[PDB]
Amino acid sequence: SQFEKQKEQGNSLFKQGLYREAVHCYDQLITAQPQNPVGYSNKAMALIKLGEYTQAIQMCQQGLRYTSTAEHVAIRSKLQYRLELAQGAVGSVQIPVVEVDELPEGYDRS
Amino acid sequence: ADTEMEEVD
């Protein structure tokens, strides 16, 4: 059994840019220890760098279900960081595709 | 750097 390597191998894939490929090994941290925060913490930090903040917000608040111990205080600190920036970015767009240059929203001709 | 927030574990 292991957890560390699946957390140390993607530990550079995420830092390179391969965020999803990095999570693609992080996801086994949660499947091996679905009651462990760093599982969610690794997969979560990558979702910000992918901009799937929507999912990132879910990962961080999940980690806090397991931080009942001081081996997890490290991550309890993160489940509060990228938890906040994600939900403050998920859909934050003050310049979306909202333009009109043609007919009414419900014209008729017959 | 200035973070552990942008590190994994």
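Backbone-built Cβ (ideal geometry, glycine too); neighbour counts: all protein chains shown. Rule-based calculations on the coordinates, nothing more; no lab input.
Take the conditions farther than 22 Å from B:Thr3 by Cα, in a helix (DSSP H, G or I) and within 14 Å of chain B (Cβ to nearest Cβ) and apply them to A:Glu21. Does it pass?
Taking the combined requirement at face value, the residue satisfies it.
So for region A:90-109 (the condition being polar (S, T, N, Q) and either within 24 Å of A:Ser1 (Cα to Cα) or crowded, with 17+ Cβ neighbours inside 10 Å (or both)), does at least one residue qualify?
No, every residue in region A:90-109 fails to be polar (S, T, N, Q) and either within 24 Å of A:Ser1 (Cα to Cα) or crowded, with 17+ Cβ neighbours inside 10 Å (or both).
With respect to A:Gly63, is the statement that it is surrounded by fewer than 16 Cβ atoms within 10 Å (Cβ to Cβ), under 21 Å from A:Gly10 (Cβ atoms) and under 13 Å from the mean Cα position of the chain (by Cα) true?
For A:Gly63, the condition - surrounded by fewer than 16 Cβ atoms within 10 Å (Cβ to Cβ), under 21 Å from A:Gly10 (Cβ atoms) and under 13 Å from the mean Cα position of the chain (by Cα) - is not met.
Out of the residues in region A:61-82 meeting the condition of being within 11 Å of chain B (Cβ to nearest Cβ) and assigned to a helix (DSSP H, G or I), tell me which one is nearest to A:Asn36 (Cα to Cα).
Among them, the one singled out is A:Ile75.
For A:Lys78, work out the one condition from (1) of a type in the set (D, E, K, R); (2) farther than 14 Å from B:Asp9 by Cβ; (3) touching a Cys at 6+ places or on another chain (Cβ under 8 Å) it doesn't fulfil.
(2)
Name the residues in region A:41-60 that are surrounded by fewer than 21 Cβ atoms within 10 Å (Cβ to Cβ) and farther than 17 Å from A:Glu21 by Cα, would you?
A:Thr54, A:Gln58, listed by residue number.
Name, by its number, the condition in (1) touching a residue at least 12 places away in the same chain (Cβ under 8 Å); (2) away from chain B (no Cβ under 14 Å); (3) among the aliphatic types (A, V, I, L, M) that does not hold for A:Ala56.
All conditions are met except number (2).
Within the bounds of region A:28-41, is there any residue that is part of a loop (DSSP other than H, G, I, E, B), touching a residue at least 24 places away in the same chain (Cβ under 8 Å) and within 11 Å of chain B (Cβ to nearest Cβ)?
Yes: one or more hits.
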